[PDB]
Amino acid sequence: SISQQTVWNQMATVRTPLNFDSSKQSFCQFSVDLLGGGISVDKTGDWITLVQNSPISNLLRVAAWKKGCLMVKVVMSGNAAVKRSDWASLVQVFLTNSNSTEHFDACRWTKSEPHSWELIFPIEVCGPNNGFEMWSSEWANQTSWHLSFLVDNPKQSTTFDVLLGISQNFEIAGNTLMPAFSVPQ
Amino acid sequence: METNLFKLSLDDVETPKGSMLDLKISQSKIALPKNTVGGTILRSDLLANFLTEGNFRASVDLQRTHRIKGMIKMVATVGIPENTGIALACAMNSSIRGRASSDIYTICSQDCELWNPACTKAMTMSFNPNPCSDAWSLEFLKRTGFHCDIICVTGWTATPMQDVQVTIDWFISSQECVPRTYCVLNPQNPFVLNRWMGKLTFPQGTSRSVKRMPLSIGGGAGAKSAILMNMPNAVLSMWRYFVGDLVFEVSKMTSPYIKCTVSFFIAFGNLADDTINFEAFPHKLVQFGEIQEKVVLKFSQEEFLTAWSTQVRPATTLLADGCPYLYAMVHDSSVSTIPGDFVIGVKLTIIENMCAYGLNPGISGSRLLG
Amino acid sequence: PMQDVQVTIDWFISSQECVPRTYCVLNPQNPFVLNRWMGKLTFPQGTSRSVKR
RNA sequence: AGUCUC
RNA sequence: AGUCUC
RNA sequence: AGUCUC
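Protein chains in written order, with the entry's author numbering: chain 1, 1 to 185; chain 2, 1 to 370; chain 2', 160 to 212. A prime marks a further copy of an entry chain.
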């Protein structure tokens with residue numbers, strides 16, 4: 001039973017748009033598809049997003065059928081230049097199994113700590129195959145797990161890192177053919 | 001006088017059963033041009049589309065039965081003379097997203113067979129399209145995206161007179177489906193890896209042509225500013241260090257007319273190509289018979305003193321690499337009366353009695369395969 | 160071939176004894192020895208089916 | 001392992 | 001016879 | 001069948 005303490009894997013890093021224009025609207029939104037590996041963003045500005053090709057990130061994108069628990073950790077690193085007394089920002093986090101607006105939320109959080117905060121919670125994959133689930137498959141109208149954010153005042157709550165930890169019971173089967181993963185720099 | 005409709009056996013939920021003729025569901029004819037080159041995709045489509053060509057005896061059963069328990073069995077057929085050769089691969093994968101890679105490395109991890117028609121003129125393969133369980137169905141195959149790629153791994157050694165055609169007969173097998181799942185932090189024994197190690201080419205002549213294949217196989221296969229990746233290789237990359245009895249499957253992908261004795265052994269990256277006593281290390285000599293195309297090498301874990309890194313920084317040099325390598329070199333010479341290099345393909349099949357330590361944070365990128 | 164060829168036939172009196180083989184026209188034996196040539200089939204190189212009847 | 005072969 | 005029904 | 005092969 002392979003295991004080691006304190007070793008998560010980086011999954012994504014979303015940087016709020018630098019040219020966000022407060023005057024148009026005050027918040028902006030992005031969503032991370034935890035099991036499919038994609039990041040979605042606003043047309044609110046030029047987002048700087050990135051999905052790291054870490055071991056867990058590569059595994060999930062290529063594992064056809066999944067089942068079991070995963071651990072999620074979100075770390076918001078904000079604008080250190082704002083004085084603590086002028087902090088006027090908050091971010092709403094949502095866990096939904098689909099991006100469709102017709103699906104209710106599995107969970108919901110709202111974080112507003114100044115400069116930085118972290119959020120850790122587990123998610124579990126349950127599917128119809130044999131408890132296995134295929135990412136957004138049309139088969140039994142399967143689904144995924146999306147983590148959506150509504151950042152209010154993107155100039156203070158600027159950065160988000162999403163890390164994932166695999167559990168002892170995570171189990172997969174089958175392979176999904178994917179195009180080459182692009183290596184940065 | 002009145003028949004009782006209810007008593008009729010019209011709702012029989014049983015799986016298809018019978019002889020091969022009775023269980024034949026489809027037939028595909030794949031075209032193989034005389035000028036095919038290797039890397040060439042002969043046909044890449046949804047499996048459901050291959051299983052749906054032609055109205056054979058069990059064709060409407062395939063379409064009208066909700067659960068099929070037999071595996072899918074295919075019988076590929078095509079013969080070519082001994083003075084030529086080509087290596088074909090028929091690969092099966094659970095799903096596909098976008099313009100996925102068709103490289104032999106990416107496609108051969110689930111259920112895939114590589115054969116050389118100059119040696120094997122009829123090839124059979126059976127598989128379970130649903131690894132999580134013991135049954136499948138045509139709807140499941142369609143809505144799930146189960147994929148099939150038939151590619152040419154190595155082109156013709158000598159081109160045929162005319163164009164060729166490979167015929168594949170598809171059947172529902174009598175053997176039942178069995179699941180194959182991977183518990184990431186708890187590998188089974190043996191661990192089924194199915195990682196392509198590379199395509200080795202040894203040009204005709206007296207040259208040694210030393211080949212070095214790193215055993216730090218985590219992180220996928222390198223590509224141009226990208227990495228290729230398949231599921232089993234992805235799970236092995238989760239661990240930090242590993243060891244095990246390694247089993248390689250070596251295939252002759254070239255014509256039976258190009259002879260060569262290859263020598264395999266384990267050694268470190270820093271040895272010069274001209275090291276005289278490479279063969280003082282435990283080694284194995286491989287020669288193929290005319291019609292023989294597959295050989296299985298098994299490297300015991302006593303060839304390894306310690307577990308090694310699952311992943312090494314891609315730019316690491318041969319001098320600074322501290323992980324073992326699988327070497328391959330020419331023992332005598334690569335000779336023939338027709339032009340062409342002697343080419344073999346190496347695939348790390350399973351790892352037995354494996355032992356892994358720690359979790360891997362990950363290293364960015366990976367080295368290119370052969 | 161490069162040159163002309165020659166087939167050599169050696170003839171011997173066998174140790175196996177002769178046995179008759181006659182046909183009673185309106186009373187065939189089983190099996191009935193027919194030895195009928197059905198044809199010489201040619202399948203030219205290519206992907207063609209070349210159905211023969 | 002599985003597949004294959006026998 | 002058969003077919004059918006049971 | 002036979003012939004052949006073993």
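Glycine included, each C-beta is placed from N, C-alpha and C at the ideal position.
Check: Evaluate residue 175 (chain 2) with the Cβ neighbour count: other Cβ atoms within 10 Å of its Cβ, from every protein chain shown; 16 or more gives buried, anything less gives exposed.; Outcome: exposed
Check: Using a cut-off of 9 Å between C-beta atoms, extract the partners of residue 227 (chain 2) located in chain 1.; Outcome: 53, 58, 180, 181, 182 and 183
Check: How would you call residue 143 (chain 1), buried or exposed, if buried means at least 16 neighbouring beta carbons within 10 angstroms?; Outcome: buried
Check: With 16 other CB atoms within 10 Å as the buried threshold, where does residue 60 (chain 1) fall?; Outcome: buried
Check: Once the 5 residues before and after residue 304 (chain 2) are set aside, which same chain residues still bring their CB inside 8 Å of it?; Outcome: 243, 266 and 324
Check: Quick one: Cα of residue 307 (chain 2) to Cα of residue 66 (chain 2), how far?; Outcome: 47 Å
Check: For the stretch 161–181 of chain 1, which residues have a beta carbon sitting closer than 8 Å to at least one beta carbon of chain 2?; Outcome: 166, 167, 168, 169, 170, 171, 172, 173, 174, 175, 176, 177, 178, 179, 180 and 181
Check: Over the uninterrupted beta strand (DSSP E) stretch that includes residue 164 (chain 1), give me the two end residues.; Outcome: 159–166
Check: At the level of alpha carbons, what is the spacing between residue 120 (chain 2) and residue 107 (chain 2)?; Outcome: 21 Å
Check: Using a C-beta cutoff of 8 Å, does residue 63 (chain 2) count as contacting chain 1?; Outcome: no
Check: Tell me the rounded alpha-carbon separation between residue 94 (chain 2) and residue 172 (chain 1).; Outcome: 12 Å
Check: Would you list, in chain order, the members of the stretch 118–141 of chain 1 that have their beta-carbon closer than 7 Å to a beta-carbon of chain 2?; Outcome: 129, 130, 132, 134, 137, 138 and 139
Check: The beta strand (DSSP E) with residue 167 (chain 2) in it runs from where to where?; Outcome: 164–176
Check: If you reduce the DSSP assignment to three classes, tell me which class residue 231 (chain 2) lands in.; Outcome: helix
Check: On the DSSP letters alone, give me the boundaries of the beta strand (DSSP E) that residue 5 (chain 2) sits inside.; Outcome: Segment: none, residue 5 (chain 2) is in no beta strand (DSSP E) and carries neither H nor E.
Check: What residue ranges within the stretch 7–42 of chain 2 form continuous alpha helix (DSSP H) runs of no fewer than 4 residues, ordered along the chain?; Outcome: none
Check: Determine the DSSP secondary structure at residue 327 (chain 2), reduced to helix, strand or coil.; Outcome: strand
Check: So, residue 231 (chain 2) versus residue 109 (chain 2), is the Cβ gap smaller than 8 Å?; Outcome: yes
Check: I'd like to know whether the C-beta of residue 161 (chain 2) is nearer than 8 Å to at least one C-beta of chain 2'.; Outcome: yes
Check: What does residue 209 (chain 2) pair with, by DSSP beta-bridge criteria?; Outcome: Paired residue(s): none; residue 209 (chain 2) is not in a bridge.
Check: Got a sec, what are the start and stop residues for the beta strand (DSSP E) residue 122 (chain 1) sits in?; Outcome: 116–125
Check: Listing by chain order, which chain 2' residues have their CB less than 9 Å from the CB of residue 27 (chain 2)?; Outcome: Under the 9 Å cutoff, chain 2' gives no residues; its nearest Cβ is about 12 Å from residue 27 (chain 2).
Check: With a Cβ-Cβ cutoff of 8 Å, do residue 227 (chain 2) and residue 32 (chain 1) count as a contact?; Outcome: no
Check: The stretch 176–199 of chain 2: which residues have C-beta closer than 9 Å to a C-beta of chain 1, in chain order?; Outcome: 179, 180, 181, 182, 183, 184, 185, 186 and 187
Check: What's the call for residue 100 (chain 1), buried or exposed, on a 16-neighbour Cβ count within 10 Å?; Outcome: exposed
Check: Whose C-alpha, out of 40 (chain 1), 39 (chain 1), 48 (chain 1) and 9 (chain 1), is nearest the C-alpha of residue 20 (chain 1)?; Outcome: 48 (chain 1)
Check: Counting only Cβ pairs nearer than 8 Å, list the residues of chain 2' close to residue 164 (chain 2).; Outcome: 206
Check: Excluding the 5 residues flanking residue 26 (chain 2) on each side, which residues of the same chain have their C-beta closer than 7 Å to its C-beta?; Outcome: 50, 51, 52, 53, 54, 56, 59 and 170
Check: Which of the three DSSP states is assigned to residue 60 (chain 2) in this structure?; Outcome: helix
Check: Say whether chain 1 places a C-beta atom closer than 8 Å to the C-beta of residue 235 (chain 2).; Outcome: yes
Check: Just tell me which of 9 (chain 1), 159 (chain 1), 163 (chain 1) and 148 (chain 1) has its CA closest to the CA of residue 107 (chain 1).; Outcome: 148 (chain 1)
Check: Closer than 9 Å, Cβ to any Cβ of chain 2: which residues of the stretch 58–83 of chain 1, in chain order?; Outcome: 58, 59, 60, 61, 62, 63, 64, 65, 67 and 68
Check: To the nearest angstrom, how far is the alpha carbon of residue 7 (chain 2) from that of residue 1 (chain 2)?; Outcome: 14 Å
Check: Which ranges would you report for the beta strand (DSSP E) in the stretch 90–152 of chain 2 if only whole runs of at least 3 residues count?; Outcome: 111–115 and 122–127
Check: Within its chain, find whatever has a CB closer than 7 Å to the CB of residue 42 (chain 1); leave out the 5 residues flanking it on each side and keep chain order.; Outcome: 28, 29 and 30
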